[PDB]
*Asks:* 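Mind looking over this structure? Questions follow.
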Amino acid sequence: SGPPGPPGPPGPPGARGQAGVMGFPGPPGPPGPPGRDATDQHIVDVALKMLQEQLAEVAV
Amino acid sequence: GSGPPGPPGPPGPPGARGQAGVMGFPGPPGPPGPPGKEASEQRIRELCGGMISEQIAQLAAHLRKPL
Amino acid sequence: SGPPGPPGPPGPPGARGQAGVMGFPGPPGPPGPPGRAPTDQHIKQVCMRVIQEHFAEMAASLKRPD
């Protein structure tokens with residue numbers, strides 16, 4: 001004859017949420033170092049060659 | 001008299017999605033730049049031909065001068 | 001003798017997902033700038049230095065004792 005029962009116990013907790021989204025791609029690396037500057041040696045070698053050539057041409 | 005408590009409720013909602021991942025590592029440094037091009041012999045000869053010739057001529061005249 | 005109760009309330013939300021995986025590594029950097037080539041003026045300056053540095057050899061080739 002009596003009153004209906006209580007609402008039941010709260011349900012079980014839900015499953016774990018899906019893992020987070022992948023992070024942003026890393027930035028491009030820094031630019032490489034500057035190439036070696038051309039040294040003066042290749043100019044010195046030729047200048048010395050010309051000096052010898054022209055000095056010898058005065059000898060003749 | 002008074003009723004049994006109802007059956008257990010429905011399962012809860014799935015948890016919130018995880019936080020976004022951390023940014024990836026920066027790339028490696030680029031390759032070194034190409035070496036500076038050397039001047040050709042012809043280019044050097046053209047630029048220094050008259051200079052060397054004038055210097056030799058001036059010196060030759062100076063050393064074979066009479067007082 | 002009383003009716004059974006209504007079904008309980010919806011349960012807890014689940015625990016939050018684990019953090020996402022780190023992103024892709026970045027691409028390699030660009031190649032460096034080229035080395036510098038000599039200018040016409042620089043070439044002339046070097047040539048004049050060589051003449052000065054070997055002026056002794058030049059004089060000797062043109063004039064010696066006796």
Side-chain angles (χ1 to χ4, degrees), chain A residues 19-35 37-56 58-60, chain B residues 18-53 55-67, chain C residues 19-66:
Chain A
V21 73
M22 188 174 182
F24 284 77
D37 289 334
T39 62
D40 291 345
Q41 192 63 45
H42 73 282
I43 308 176
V44 170
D45 296 335
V46 177
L48 286 175
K49 183 180 293 295
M50 303 178 63
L51 273 164
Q52 278 152 128
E53 288 174 354
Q54 298 198 25
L55 283 176
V58 176
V60 298
Chain B
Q19 62 180 301
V22 68
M23 193 181 195
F25 297 120
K37 233 152 277 230
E38 289 181 347
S40 67
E41 177 176 340
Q42 302 110 296
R43 182 182 172 200
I44 301 167
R45 287 182 175 272
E46 165 62 44
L47 290 172
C48 302
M51 182 189 311
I52 294 181
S53 192
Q55 286 299 321
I56 291 181
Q58 292 182 25
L59 180 58
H62 185 79
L63 295 184
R64 288 156 177 170
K65 112 174 165 181
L67 245 196
Chain C
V21 66
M22 172 187 52
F24 298 114
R36 286 172 302 190
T39 61
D40 293 346
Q41 178 59 27
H42 181 64
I43 293 176
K44 284 181 161 183
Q45 293 174 215
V46 174
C47 286
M48 185 57 191
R49 165 163 61 79
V50 173
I51 294 180
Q52 293 173 317
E53 284 180 342
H54 298 263
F55 210 79
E57 282 90 342
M58 296 169 56
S61 303
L62 302 167
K63 193 65 151 151
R64 291 317 286 152
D66 316 346

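Just the heavy atoms: all of them, side chains too, but no hydrogens, waters or symmetry mates, feed the values below. Numbers restart at 1 for each chain; the letters A, B, ... are given by sequence-line order, proteins then strands.
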*Asks:* Quick check for you: to the nearest 0.5 Å, what is the distance between B:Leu59 atom CG and B:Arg64 atom CZ?
*Replies:*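 Reported value, rounded in 0.5 Å steps: 9.0 Å.
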
*Asks:* Can you tell me how far CD1 of C:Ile51 sits from CD of C:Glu57, rounded to the nearest 0.5 angstrom?
*Replies:*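 Reported value, rounded in 0.5 Å steps: 12.5 Å.
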
*Asks:* side-chain contact (heavy atoms from CB on, under 4.5 Å) for C:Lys63 and B:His62? Distances and angles first, verdict last.
*Replies:* CA-CA 10 Å; C:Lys63 193 65 151 151; B:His62 185 79; over 6 Å; no

*Asks:* To check you understand the geometry: which heavy-atom pair defines the closest contact between A:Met22 and C:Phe24, and what is its length?
*Replies:*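 The answer is CE-N, 3.4 Å.
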
*Asks:* Grab the two heavy atoms, one from B:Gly49 and one from A:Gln54, that are nearest each other, plus how far apart they are.
*Replies:*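 Where B:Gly49 meets A:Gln54 most closely, the heavy atoms are O-NE2, 3.5 Å.
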
*Asks:* So, taking the atom named CD in B:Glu38 and the one named OG1 in A:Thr39, what distance separates them when rounded to the nearest 0.5 Å?
*Replies:*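 Rounded to the nearest 0.5 Å, the CD-OG1 separation comes out at 5.5 Å.
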
*Asks:* Does the side chain of B:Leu67 come within less than 4.5 Å of B:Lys65's, by heavy atoms?
*Replies:*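 When only atoms from C-beta onward are counted, B:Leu67 and B:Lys65 do touch, with a gap below 4.5 Å.
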
*Asks:* Can you name the nearest heavy-atom pair linking A:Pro30 to B:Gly27, along with the distance?
*Replies:*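 Shortest heavy-atom separation between A:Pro30 and B:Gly27 comes out as CD-O, 4.0 Å.
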
*Asks:* Would a 4.5 Å heavy-atom cut-off, applied to side chains only, mark B:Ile44 and A:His42 as touching?
*Replies:*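 Yes, their side chains come closer than 4.5 Å.
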
*Asks:* Contact between C:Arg36 and A:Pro34 at the side-chain level, heavy atoms closer than 4.5 Å - yes or no?
*Replies:*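 In short, these two side chains do not touch, never coming nearer than 4.5 Å.
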
*Asks:* If you measure from CE on A:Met50 to CD1 on B:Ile52, what distance do you get to the nearest 0.5 Å?
*Replies:*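 If we round to the nearest 0.5 Å, A:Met50:CE and B:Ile52:CD1 are 4.0 Å apart.
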
*Asks:* Could you state the interatomic distance from CD (B:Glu46) to OG (B:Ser40), rounded to the nearest 0.5 Å?
*Replies:*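 The OG atom of B:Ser40 is 10.5 Å from CD of B:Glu46, to the nearest 0.5 Å.
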
*Asks:* Under 4.0 Å between a side-chain nitrogen and a carboxylate oxygen: does that hold for A:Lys49 and A:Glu53?
*Replies:*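 Here A:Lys49 does not pair with A:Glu53 in a salt bridge, since their nearest N and O are not under 4.0 Å apart.
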
*Asks:* Identify the two heavy atoms, one from A:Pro33 and one from B:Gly30, that lie closest to each other, and give their separation to 0.1 Å.
*Replies:*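 Closest approach of A:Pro33 to B:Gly30: CD-O, 4.2 Å.
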
*Asks:* Quick one: closest heavy-atom pair of A:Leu55 and B:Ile56, and the distance?
*Replies:*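 Heavy atoms only, the tightest pair is CD2-CD1, 3.9 Å.
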
*Asks:* Do you know which of A:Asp40, A:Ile43, A:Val44, A:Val46 makes side-chain contact (heavy atoms from CB on, under 4.5 Å) with C:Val50?
*Replies:*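 The passing option is A:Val44.
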
*Asks:* How close do C:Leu62 and C:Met58 get, heavy atom to heavy atom, and via which atoms?
*Replies:*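 Nearest pair, atom of C:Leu62 first, then C:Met58: CG-O, 3.2 Å.
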
*Asks:* Let me see the working for C:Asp40 and B:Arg43 under side-chain contact (heavy atoms from CB on, under 4.5 Å), right down to the final yes or no.
*Replies:* CA-CA 8 Å; C:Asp40 293 346; B:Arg43 182 182 172 200; 2.6 Å; yes

*Asks:* Once rounded to the nearest 0.5 Å, what's the spacing between atom CD of B:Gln58 and atom OG of B:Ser53?
*Replies:*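 Result: 10.0 Å between the selected atoms.
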
*Asks:* A quick test of your reading: do over 12 heavy atoms of other residues, nucleotides or ligands sit less than 6.0 Å from CD of C:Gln45?
*Replies:*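 Result for CD/C:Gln45: enclosed.
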
